[PDB]
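Here the structure comes first, spelled out in structure tokens, and everything after it is commentary.
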Amino acid sequence: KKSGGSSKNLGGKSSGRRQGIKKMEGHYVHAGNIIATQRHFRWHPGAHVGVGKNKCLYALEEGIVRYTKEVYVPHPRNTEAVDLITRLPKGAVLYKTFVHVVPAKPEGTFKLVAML
RNA sequence: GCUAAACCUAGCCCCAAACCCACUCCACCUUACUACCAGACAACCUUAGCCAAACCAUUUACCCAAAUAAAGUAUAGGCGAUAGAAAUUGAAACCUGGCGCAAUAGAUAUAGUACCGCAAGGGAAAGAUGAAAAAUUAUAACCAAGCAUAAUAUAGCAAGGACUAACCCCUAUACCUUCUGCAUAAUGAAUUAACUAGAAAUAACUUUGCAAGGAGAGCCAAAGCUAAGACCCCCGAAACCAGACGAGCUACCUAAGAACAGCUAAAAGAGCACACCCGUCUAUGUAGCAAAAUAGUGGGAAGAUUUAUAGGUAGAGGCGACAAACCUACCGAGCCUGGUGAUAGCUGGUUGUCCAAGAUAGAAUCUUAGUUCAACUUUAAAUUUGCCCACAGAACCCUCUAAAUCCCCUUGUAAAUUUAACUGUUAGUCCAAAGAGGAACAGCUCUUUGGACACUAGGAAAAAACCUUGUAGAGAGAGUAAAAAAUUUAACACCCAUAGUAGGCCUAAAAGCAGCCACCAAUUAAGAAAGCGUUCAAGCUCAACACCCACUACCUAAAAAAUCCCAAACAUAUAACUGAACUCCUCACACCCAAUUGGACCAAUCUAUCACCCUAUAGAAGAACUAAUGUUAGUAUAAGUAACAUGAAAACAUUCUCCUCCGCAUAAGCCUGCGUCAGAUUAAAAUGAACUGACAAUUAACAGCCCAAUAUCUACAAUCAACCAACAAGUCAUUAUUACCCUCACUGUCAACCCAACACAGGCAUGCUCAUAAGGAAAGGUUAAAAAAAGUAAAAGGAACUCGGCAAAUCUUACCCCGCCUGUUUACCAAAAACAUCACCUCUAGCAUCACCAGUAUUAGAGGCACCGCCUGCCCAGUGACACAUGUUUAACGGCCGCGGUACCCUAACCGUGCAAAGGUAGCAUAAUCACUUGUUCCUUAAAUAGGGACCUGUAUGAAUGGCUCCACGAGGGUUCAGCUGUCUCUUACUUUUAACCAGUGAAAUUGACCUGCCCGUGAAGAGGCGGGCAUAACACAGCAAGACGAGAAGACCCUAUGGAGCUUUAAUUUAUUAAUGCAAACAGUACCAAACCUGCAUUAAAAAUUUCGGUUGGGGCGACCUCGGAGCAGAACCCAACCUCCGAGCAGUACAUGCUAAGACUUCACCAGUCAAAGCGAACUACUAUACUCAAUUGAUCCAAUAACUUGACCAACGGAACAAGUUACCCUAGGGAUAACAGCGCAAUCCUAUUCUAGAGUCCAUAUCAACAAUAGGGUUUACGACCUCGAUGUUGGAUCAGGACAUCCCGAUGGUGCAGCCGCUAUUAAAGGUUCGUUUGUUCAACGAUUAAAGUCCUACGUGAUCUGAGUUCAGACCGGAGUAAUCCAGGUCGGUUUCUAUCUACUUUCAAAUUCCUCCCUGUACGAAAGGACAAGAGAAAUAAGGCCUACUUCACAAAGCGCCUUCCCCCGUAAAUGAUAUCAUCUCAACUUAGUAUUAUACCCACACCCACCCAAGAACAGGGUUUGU
RNA sequence: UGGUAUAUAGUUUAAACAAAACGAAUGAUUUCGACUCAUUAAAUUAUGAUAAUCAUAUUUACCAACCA
RNA sequence: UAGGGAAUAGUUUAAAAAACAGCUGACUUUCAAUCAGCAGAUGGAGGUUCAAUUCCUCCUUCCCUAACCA
Ligand SMILES: [K+]
Ligand SMILES: [K+]
Ligand SMILES: [K+]
Ligand SMILES: [K+]
Ligand SMILES: [K+]
Ligand SMILES: [K+]
Ligand SMILES: [K+]
Ligand SMILES: [K+]
Ligand SMILES: [K+]
Ligand SMILES: [K+]
Ligand SMILES: [K+]
Ligand SMILES: [K+]
Ligand SMILES: [K+]
Ligand SMILES: [K+]
Ligand SMILES: [K+]
Ligand SMILES: [K+]
Ligand SMILES: [K+]
Ligand SMILES: [K+]
Ligand SMILES: [K+]
Ligand SMILES: [K+]
Ligand SMILES: [K+]
Ligand SMILES: [K+]
Ligand SMILES: [K+]
Ligand SMILES: [K+]
Ligand SMILES: [K+]
Ligand SMILES: [K+]
Ligand SMILES: [K+]
Ligand SMILES: [K+]
Ligand SMILES: [Mg+2]
Ligand SMILES: [Mg+2]
Ligand SMILES: [Mg+2]
Ligand SMILES: [Mg+2]
Ligand SMILES: [Mg+2]
Ligand SMILES: [Mg+2]
Ligand SMILES: [Mg+2]
Ligand SMILES: [Mg+2]
Ligand SMILES: [Mg+2]
Ligand SMILES: [Mg+2]
Ligand SMILES: [Mg+2]
Ligand SMILES: [Mg+2]
Ligand SMILES: [Mg+2]
Ligand SMILES: [Mg+2]
Ligand SMILES: [Mg+2]
Ligand SMILES: [Mg+2]
Ligand SMILES: [Mg+2]
Ligand SMILES: [Mg+2]
Ligand SMILES: [Mg+2]
Ligand SMILES: [Mg+2]
Ligand SMILES: [Mg+2]
Ligand SMILES: [Mg+2]
Ligand SMILES: [Mg+2]
Ligand SMILES: [Mg+2]
Ligand SMILES: [Mg+2]
Ligand SMILES: [Mg+2]
Ligand SMILES: [Mg+2]
Ligand SMILES: [Mg+2]
Ligand SMILES: [Mg+2]
Ligand SMILES: [Mg+2]
Ligand SMILES: [Mg+2]
Ligand SMILES: [Mg+2]
Ligand SMILES: [Mg+2]
Ligand SMILES: [Mg+2]
Ligand SMILES: [Mg+2]
Ligand SMILES: [Mg+2]
Ligand SMILES: [Mg+2]
Ligand SMILES: [Mg+2]
Ligand SMILES: [Mg+2]
Ligand SMILES: [Mg+2]
Ligand SMILES: [Mg+2]
Ligand SMILES: [Mg+2]
Ligand SMILES: [Mg+2]
Ligand SMILES: [Mg+2]
Ligand SMILES: [Mg+2]
Ligand SMILES: [Mg+2]
Ligand SMILES: [Mg+2]
Ligand SMILES: [Mg+2]
Ligand SMILES: [Mg+2]
Ligand SMILES: [Mg+2]
Ligand SMILES: [Mg+2]
Ligand SMILES: [Mg+2]
Ligand SMILES: [Mg+2]
Ligand SMILES: [Mg+2]
Ligand SMILES: [Mg+2]
Ligand SMILES: [Mg+2]
Ligand SMILES: [Mg+2]
Ligand SMILES: [Mg+2]
Ligand SMILES: [Mg+2]
Ligand SMILES: [Mg+2]
Ligand SMILES: [Mg+2]
Ligand SMILES: [Mg+2]
Ligand SMILES: [Mg+2]
Ligand SMILES: [Mg+2]
Ligand SMILES: [Mg+2]
Ligand SMILES: [Mg+2]
Ligand SMILES: [Mg+2]
Ligand SMILES: [Mg+2]
Ligand SMILES: [Mg+2]
Ligand SMILES: [Mg+2]
Ligand SMILES: [Mg+2]
Ligand SMILES: [Mg+2]
Ligand SMILES: [Mg+2]
Ligand SMILES: [Mg+2]
Ligand SMILES: [Mg+2]
Ligand SMILES: [Mg+2]
Ligand SMILES: [Mg+2]
Ligand SMILES: [Mg+2]
Ligand SMILES: [Mg+2]
Ligand SMILES: [Mg+2]
Ligand SMILES: [Mg+2]
Ligand SMILES: [Mg+2]
Ligand SMILES: [Mg+2]
Ligand SMILES: [Mg+2]
Ligand SMILES: [Mg+2]
Ligand SMILES: [Mg+2]
Ligand SMILES: [Mg+2]
Ligand SMILES: [Mg+2]
Ligand SMILES: [Mg+2]
Ligand SMILES: [Mg+2]
Ligand SMILES: [Mg+2]
Ligand SMILES: [Mg+2]
Ligand SMILES: [Mg+2]
Ligand SMILES: [Mg+2]
Ligand SMILES: [Mg+2]
Ligand SMILES: [Mg+2]
Ligand SMILES: [Mg+2]
Ligand SMILES: [Mg+2]
Ligand SMILES: [Mg+2]
Ligand SMILES: [Mg+2]
Ligand SMILES: [Mg+2]
Ligand SMILES: [Mg+2]
Ligand SMILES: [Mg+2]
Ligand SMILES: [Mg+2]
Ligand SMILES: [Mg+2]
Ligand SMILES: [Mg+2]
Ligand SMILES: [Mg+2]
Ligand SMILES: [Mg+2]
Ligand SMILES: [Mg+2]
Ligand SMILES: [Mg+2]
Ligand SMILES: [Mg+2]
Ligand SMILES: [Mg+2]
């Protein structure tokens, strides 16, 4: 009988992006394999780890994935990060979580091919 | 032992072969089956649609002249669904058979007959001996249901375990379907027999053959190829189209006919009133007399009347005084056949045994009742890891610094992935936990984690979701698991008090105690005062001393609903026992999940070959029925029930009694259908006969069946036809000339009769009779209960009944609304205010040989309004029409304002301003007119939501969509005087019918099976069937209607379906058709130019056609929403919903290598799409965090179109998008749904109600006489909501009548406590449910108001108790009006008039709770107690009444061997809330859940009933039957 | 019963610390008056809290309703 | 309860203008009319934009519509 009002909120129907870690600590990866996806920089690229447009971390070499805590030093051109470290107390250091790939195989080997 | 059972032929089916094709005579196209006369009418012309496309709109296979192959190829196509060649290639061919049926099969077939239908057309059923029936006292018996032989004994899904024993004991909630879940009161089923339902490609698998080849040309082939085997149901709509058949009913019309007494007036669409026509109201009837009737009452009855006969109009239609009427007994558009096995995402159904595995995140979708992908699940195969998991490791911003997860060697285990091939599931329930919404309600809704259920067992009482427990068998063995409810409450001090001082101040006063300051001090000891109190004072307590032991607790305070409480019981014998399908023991072992899937066996039948008292191995298939409101047949149940029938006596000769609705004849129709003989047949009836067989019969004068030609003639009604007067202007006639001498044939003739399925209470024209000279019988017999039906009479009253004076009686006044009037309509729920109508007005048309019309603008046609009377106002902006250059037109569609201010208020002549085409004029007005509204006032009634007259901005009155008056009329609606009455107070008596009993005959719906109880509880939420209790030998008959969610009709309300149809339109598409215009074509004439018809191509109208009308949704509608991104819910890998909470997007800017290419990866849970990228080529570069731009989303598939190419194109926003389609249905239809609303129940308790706790405030003071705020704690289930659990193959819904059952939260009556209780009246609380709780006016009302009363006129529940008991005013279909909405169809919370209420009782229950009675008033006490006065009791006692219950007839009254009331008689106990004594714990006191005493209690008292084979028969104050009483009154 | 509005001099009426209006008085003015002008008197439904705002009950207004 | 629209000088309208009203004068014996001058406005709050009656958002007042079916 008595009619009621409607909800005034629209949208909010987006689905999950299925982002996060794809390769955990100790996993074996091949060159090109995506290690992690993210919308903001939660994990930073370390050794033999590339970063794409969308902050996607991928393996540059074949090997084992490792996660570490390292000291963060921004690039001087980056003004937002450089305007933050100049306001820190003398003695403080910023830390961030980096992901690395420890290579497994060597670049190659020298083989005998002829005896001239 | 009956009924029955059983059979093998009749013939039929599919092929082959072969082309096929008459006859005695007579008759047959007119009314077919009819001997015989003047004619000329003639045949051809695209099938459409269902359906498919999941809608639909282009489109959607249908032999078309050779099997195979080419080939499902070329090609076509909303390039979708699907459709689909050819060239070319090139085979075989002996009718006489059957792994076909065998009487529900096979042809429908014993036959296109019987029968149904006007017609087209539809369309059956069944038989059974034997060699011989010229062997008929024959051919044995044994078998379905149903019965009989032979009824029954506490108790219960009917059995099982058993047992000496049938029953008694113990255990046990029918089946199918459908669901989250059914004993469910959800579906289907009476039962027996028979019949009745899974059809196939692709690929793959299995088993042979051959093998780089296979195959009996085609084709395939990187082990393939050939062959075989093995997988895809049944019934059902409303509809659509084509072609036939129908106007003997009905609607209208044509031709020529008929009927209408009597009276009044004599003029009549006049009145009274027969025949006749219609069908107003009431009752009855409701499977009937009747698929629309009967009785009574009513309307009309010389006209727009009624009616017989023949003919005409036919479904894309007709007809229509429009009711969406009627067109052969369901017309929103007929019937039949066919297309047609229409379609159905929907319901129902789906047939042998046994084992095994087996419950599922989600996405898209005109999609959420479905489907596809994924996920889960199954089988086969290959391979190698899967599950469990150690450290280490995974973010800052930030609020819960969460339980956890992700990753993961070891370890313990045995699964996992991949490949191949498939189906089903995709409508979820509770519990725990984390949360969202709602109300920190819901058996509520939405997500997540896990569990259980949808499988077994045990337990929690019964029990889907809680606990225990799972792997299957036998056992008269054992050990265990879970598993039983505990609690009982409030005593408390005694004793004593002098003084500075009335401290100071304030104050009228302030003295311990209104306020401010101080708060010192006397006495052994006592506050410049802690609580009451006083106007201020007085006055009473507390803190003090003394005395000596109060020598305490300071942890909780209640309860009430409705049929009947609910196991029975128990405080004391030593913790162990009982207890499963778990586990052990002896033996055995494939032997307990829906859908789905895999596998092992098999009945019968046919065929091949065996076999040979009924089998084997194989091959085949119409291969298996406890269920489809299934089909046919048989037989039960209801049920020997409902219902049906014959006037009397007698010599069967006749007579008597009573009806007379008639009767006789003709026409029509029918066709031998009560004449004789006979009968085994038949009626209720083993004389009669309408049935069977034979025989006979209706005789023409009545009637029917007619006529030579040509030309020609026919002005003057009828009505007693004469006066007279009319309009509606009428039914009757010849002559001339020619031709023409035979004559009585043929047919109908009966009856008790036709149309309605009937030997039907219906329908049926005319003449005479008009109450009969003709024709008929209401009672089978008895009894004389209820209820019911039809009548008669009724004391006193006289509408108090009721929605209403319905009905009955009686013979009557006045008024209002609507419509003028007679008239017409929804055959079968509406007769009316609706339609028509005289009159008025608008529009169109200047004319002839089939309508209008044999007419000509004083005409005809299309429409509106509705006689008359007074009137019909303003608007042409918009739409339309006309005219076309403006323009014209509303008696065409339609429309006809607002703001602010001013005379005290109200109002505004007036002032200011804007808009419009014009601004609602006259009039009327609380209306039949949205709501407000029961508006105000007068009349009317004792009392008025009624009615009438007025007042009235009515903001939604209003003028030919006609407005306002006024005669007459009305089965219209409303009010009323008077009278009348059984309508009512308040019923009663009698008669008839029915009824019951006897006799005869003998139905229907219904039926899972039944060995068919009550209470409470439980439960799919309302139990005869479950749990706990109570009750209980068996059995008929008559009554009742509370229940069996009783019977009946697959709900008509509501929702759903990409289901239908009707109507409307500014929905989409289209103009075939019709009309007009233009061009062309055709055609001619003297640079100009050609009539029309016809054809083609365009344009514009008209009138139509086809198709559709999205979804989500705490039912639908309205509103809102539909794609993408960020945040929270979701805290830590990923994922996660709500019509949940917030913020955003549908770009922009910079580059111009945002160039080419390419490993490896992520992925919005599928697909599609989307995303990140090393190296490399080529560039750039030595500075630019440059080498995939910044930016969060910043977006759109295929086809198609454009384009030379590159490339571009949709707010396809319903955003995975249909190339293009809206409304309405109450005129509606079909399929379903309790998956989904409205009534009811159930849950919940926000709202509502009640109580308690708290003590601010009110009450002069005074918190608790009384009332009560802010809040708190519980309970109730009467309101309004919310939820969607049972029911939509039906649970009938308001109020009232009838009868009431129950709760107490008590309205009166009773007993008590308190009072701001003097008394009389009251307020409040405790206890009490035995008894009682009125009549009236308006309203449909429940309520409410009012009038008069009462001791009181209680609150609630019982399916808002009760419709198989009633009522239908209201609500709530089909008709209609008003206002409003809309272009219209149509619609509204609106108002108004009208509108069919079925049921024969099978079961349960009940049908004498036998018998104590309640209250008011009067007198008296008493003018007493009380009291200033006014005023005015209780108790005791007495008397008289009312009601109720139970009886009776002396009188009265209705009546009369009797029954009744209006009359008379009788009527008997109590209830418990408290108030008081004695007296301990606690030596006072204290009514004591202390022992005890009293008010103060009934084994409710007693009363009633109490014997028993004379009993055939009769009588009765006894009674339905039976029974009972009497007969010492059995001629 | 329900909610929704409600209140201001003596009345009438904006607004609450109280504004204007009718009437009253007073003068100014006129030969005297009316008009006019000026001046004066005159009020917040009352109860409890915030401290002047919410409540509290009244007060009259205002619409709502058995049901099928 | 749901939904749409509106708010501009004291008043009524327009896309920051007019009209009156008001104030100041002239004309008239006086008033009115007339003539000549002067003033006054974007309900409220918040935000974008250099700039907002003119782009959005919430609140107040008022208006209109719907509030249905059994
Ligand atoms: K369809
Ligand atoms: K047959
Ligand atoms: K059920
Ligand atoms: K049912
Ligand atoms: K059932
Ligand atoms: K069934
Ligand atoms: K005819
Ligand atoms: K069903
Ligand atoms: K569906
Ligand atoms: K004092
Ligand atoms: K006959
Ligand atoms: K009849
Ligand atoms: K006679
Ligand atoms: K009729
Ligand atoms: K009538
Ligand atoms: K016009
Ligand atoms: K009236
Ligand atoms: K009146
Ligand atoms: K009109
Ligand atoms: K009438
Ligand atoms: K009587
Ligand atoms: K009954
Ligand atoms: K029923
Ligand atoms: K709901
Ligand atoms: K869509
Ligand atoms: K609720
Ligand atoms: K139902
Ligand atoms: K005591
Ligand atoms: Mg989100
Ligand atoms: Mg989501
Ligand atoms: Mg289709
Ligand atoms: Mg060919
Ligand atoms: Mg046959
Ligand atoms: Mg038998
Ligand atoms: Mg038993
Ligand atoms: Mg079955
Ligand atoms: Mg259900
Ligand atoms: Mg059950
Ligand atoms: Mg039952
Ligand atoms: Mg059903
Ligand atoms: Mg098959
Ligand atoms: Mg069609
Ligand atoms: Mg047709
Ligand atoms: Mg006829
Ligand atoms: Mg006839
Ligand atoms: Mg005629
Ligand atoms: Mg006459
Ligand atoms: Mg007459
Ligand atoms: Mg008459
Ligand atoms: Mg007619
Ligand atoms: Mg009509
Ligand atoms: Mg109609
Ligand atoms: Mg079908
Ligand atoms: Mg199994
Ligand atoms: Mg779509
Ligand atoms: Mg689904
Ligand atoms: Mg591992
Ligand atoms: Mg799913
Ligand atoms: Mg639930
Ligand atoms: Mg003192
Ligand atoms: Mg003093
Ligand atoms: Mg003092
Ligand atoms: Mg004293
Ligand atoms: Mg005092
Ligand atoms: Mg003091
Ligand atoms: Mg003391
Ligand atoms: Mg045991
Ligand atoms: Mg076991
Ligand atoms: Mg076993
Ligand atoms: Mg066998
Ligand atoms: Mg066999
Ligand atoms: Mg079969
Ligand atoms: Mg059978
Ligand atoms: Mg059957
Ligand atoms: Mg019976
Ligand atoms: Mg009978
Ligand atoms: Mg009879
Ligand atoms: Mg004759
Ligand atoms: Mg005769
Ligand atoms: Mg008789
Ligand atoms: Mg009889
Ligand atoms: Mg009777
Ligand atoms: Mg009488
Ligand atoms: Mg009355
Ligand atoms: Mg009267
Ligand atoms: Mg009455
Ligand atoms: Mg009458
Ligand atoms: Mg009339
Ligand atoms: Mg007249
Ligand atoms: Mg009718
Ligand atoms: Mg009628
Ligand atoms: Mg009329
Ligand atoms: Mg007019
Ligand atoms: Mg005005
Ligand atoms: Mg005024
Ligand atoms: Mg007027
Ligand atoms: Mg009205
Ligand atoms: Mg009356
Ligand atoms: Mg009007
Ligand atoms: Mg009108
Ligand atoms: Mg009348
Ligand atoms: Mg009439
Ligand atoms: Mg009998
Ligand atoms: Mg049944
Ligand atoms: Mg029960
Ligand atoms: Mg009986
Ligand atoms: Mg009965
Ligand atoms: Mg149904
Ligand atoms: Mg459709
Ligand atoms: Mg269709
Ligand atoms: Mg659509
Ligand atoms: Mg919908
Ligand atoms: Mg809804
Ligand atoms: Mg909408
Ligand atoms: Mg994916
Ligand atoms: Mg590179
Ligand atoms: Mg979509
Ligand atoms: Mg998507
Ligand atoms: Mg209607
Ligand atoms: Mg139906
Ligand atoms: Mg339900
Ligand atoms: Mg309900
Ligand atoms: Mg029920
Ligand atoms: Mg409750
Ligand atoms: Mg007080
Ligand atoms: Mg639910
Ligand atoms: Mg049923
Ligand atoms: Mg009580
Ligand atoms: Mg009572
Ligand atoms: Mg009821
Ligand atoms: Mg009943
Ligand atoms: Mg009625
Ligand atoms: Mg009515
Ligand atoms: Mg109307
Ligand atoms: Mg009537
Ligand atoms: Mg009835
Ligand atoms: Mg006395
Ligand atoms: Mg004592
Ligand atoms: Mg003592
Ligand atoms: Mg003077």
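All values below come from the heavy atoms of this structure, side chains included, with hydrogens, waters and symmetry mates left out. Numbers restart at 1 for each chain; the letters A, B, ... are given by sequence-line order, proteins then strands.
In this structure, CZ of A:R17 is placed 18 Å from P of B:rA1130, rounded to the nearest angstrom. Across the protein-nucleic acid pair, A:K22 atom NZ and B:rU1164 atom P stand 8 Å apart, rounded to whole Å. The CD-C1' distance, from A:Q19 to B:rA1161, rounds to 15 Å in whole Å. One interatomic measurement links the two molecules: CD of A:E25 to P of B:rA1133, which rounds to 16 Å at whole-angstrom precision. As a whole-Å value, the separation of A:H75 NE2 from B:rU1185 P is 7 Å. At whole-Å resolution of the value, NZ in A:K13 and P in B:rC1140 are 12 Å apart. In this entry the distance linking CZ of A:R66 with P of B:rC391 reads 16 Å, nearest Å. In this structure, A:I21 atom CD1 and B:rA395 atom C1' are separated by 11 Å, rounded to whole Å.
In this structure, the side chains of A:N33 and A:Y58 stay at 4.5 Å or more apart for every pair of heavy atoms. Contact annotation: the side chain of A:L10 never approaches that of A:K13 to less than 4.5 Å [non-hydrogen atoms, C-beta and beyond]. By the 4.5 Å heavy-atom criterion applied to side chains, A:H44 and A:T97 are not counted as neighbours.
When every heavy atom of A:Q38 is checked against every heavy atom of A:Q19, the shortest pair comes out as C-NE2, 3.8 Å. The minimum heavy-atom distance between A:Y28 and A:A104, with the atom names listed, is CE1-CB, 4.2 Å. Minimum heavy-atom separation, A:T68 to A:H100: OG1-NE2, 2.6 Å. Pairing each heavy atom of A:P74 with each of A:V82, the nearest pair is CG-CG2, 4.3 Å.
Comparing B:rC1282 with B:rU445, their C1' atoms are spaced 12 Å from each other, to the whole Å. Look at the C1' atom in both B:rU419 and B:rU60: the space between them is 41 Å, to the nearest Å. Distance noted for atom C1' between B:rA851 and B:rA239: 40 Å (whole Å). B:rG424 and B:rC407: their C1' atoms are spaced 37 Å apart (whole Å).
Pairing for B:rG791 goes to B:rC990, judged as Watson-Crick or G-U wobble with the two contacts each under 3.5 Å. Shown here, B:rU46 forms no base pair; nothing in the strands shown gives a Watson-Crick or G-U wobble contact with both key distances under 3.5 Å. The pairing partner recorded for B:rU1481 is none, the criterion being a Watson-Crick or G-U wobble arrangement whose two distances lie under 3.5 angstrom. The partner of B:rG762 is B:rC755, judged by Watson-Crick or G-U wobble contacts that both fall below 3.5 Å. Both distances falling under 3.5 Å, in either a Watson-Crick or a G-U wobble arrangement, place B:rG1027 opposite B:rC1016.
Nucleic acid contact for A:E61: none, since no nucleic acid atom lies under 4.0 Å from a heavy atom of the residue. At a threshold of 4.0 angstrom between heavy atoms, the contacts of A:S7 are confined to the sugar-phosphate backbone, with no base atom among them. Backbone-only contact: A:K8 has heavy atoms under 4.0 Å from sugar-phosphate atoms and none from a base. Residue A:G20 is out of contact with every strand shown, counting any heavy-atom pair closer than 4.0 Å. As judged by a 4.0 angstrom heavy-atom cut-off over every strand, A:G26 is placed among residues making no nucleic acid contact.
Residues A:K1 and A:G4 both approach RNA chain D. Their nearest nucleotides, taken by heavy-atom distance, put A:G4 toward the 5′ side.
Salt-bridge check for A:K96 with A:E70: failed, with every basic side-chain N at 4.0 Å or more from each acidic carboxylate O.
Its side chain within the 4.5 Å cluster rule, A:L94 clusters with A:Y72, A:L84, A:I85, A:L88 among the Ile, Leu, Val, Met, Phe, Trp and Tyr residues. Think of A:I35 as one node in a network of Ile, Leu, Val, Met, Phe, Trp and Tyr side chains linked at under 4.5 Å; its network also takes in A:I21, A:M24, A:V29, A:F41, A:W43, A:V49, A:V51, A:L57, A:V65, A:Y67, A:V99, A:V101.
RNA chain D lies under 4.0 Å from no heavy atom of any residue of residues 30-59 of chain A. The stretch residues 77-104 of chain A touches RNA chain B through A:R77, A:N78, A:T97, each having a heavy atom within less than 4.0 Å of the strand.
Take A:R42 and apply the side-chain hydrogen bond (donor to acceptor under 3.5 Å, both in side chains) test, not counting sequence neighbours, and it matches no residue.
For B:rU1113, the OP1/OP2 oxygens have no side-chain nitrogen or oxygen of A:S6 closer than 4.0 Å.
Not one N or O on the side chain of A:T37 forms a donor-acceptor pair closer than 3.5 Å with the backbone of A:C56. A donor-acceptor distance shorter than 3.5 angstrom exists from the side chain of A:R18 to the backbone of A:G16, with no hydrogens or angles considered.
Heavy-atom contacts of chain A under 4.0 Å fall on RNA chain D between two terminal nucleotides, which in 5' to 3' order are D:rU1 to D:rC68.
Both conditions, centre separation below 5.5 angstrom and plane angle below 30 degrees, do not jointly hold for the six-membered rings of B:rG1114 and B:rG1115.
B:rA230 has a positive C1'-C2'-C3'-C4' torsion, placing its sugar in the north range.
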